[PDB]
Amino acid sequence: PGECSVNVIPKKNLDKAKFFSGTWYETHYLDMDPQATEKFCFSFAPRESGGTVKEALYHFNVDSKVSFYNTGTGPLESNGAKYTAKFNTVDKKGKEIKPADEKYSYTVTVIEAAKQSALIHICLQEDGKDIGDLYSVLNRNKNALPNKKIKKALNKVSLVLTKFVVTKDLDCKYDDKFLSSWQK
């Protein structure tokens, strides 16, 4: 069973306006499938209004040199640092090229945020059942190292940063304009 991790604790009192703004780059990631060894880069632009999150997602497969673009939309939980979204597929210009498949969703939890850093966890689900999960360290700057608060959050749940894949040395290609222009 590709079971999602337990003990994923949403940050208490996340500053919403701060987190749900601008562009976040993944700097480190830990796919919980040890055989998922394809190198990836990721960036996203999450926005929130009225209790609904609308975000633009960008992945880049370093192995295959193929990128894919998604948008996700879903309700923010009352705790303010977790949301479950449905997603579609779009092209670089924002047009839908594949509609949302109802049977798929994902759940994002913001575990910690400090200064220019954040730590999130994503659980992918098919029909409300776990199909896989990933932790990611985020930063406003592609090359930056995480704040110590991020490490403390990882240690609370027996993870260490060395187990994460480090992005900065890979041949990432980003579409920063797709994200910068999100909702403009």
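Numbers for residues come from their place in the sequence shown, where the first is 1.
Annotation for 124 to 132 versus 41 to 49: the higher mean temperature factor (C-alpha) is found in 124 to 132. Note on 17 to 25 vs 157 to 165: mean CA B-factor is higher in 157 to 165. Taking the deposited Cα B-factors for 97, 114, 85, 111, the highest one is held by 97. The entry lists a Cα temperature factor for residue 67 that places it in the middle third of the chain's modelled residues. In this PDB entry, residue 144 carries a Cα temperature factor that places it within the highest third of its chain's modelled residues. Per-chain ranking of the deposited C-alpha B factor places residue 105 in the lowest third.
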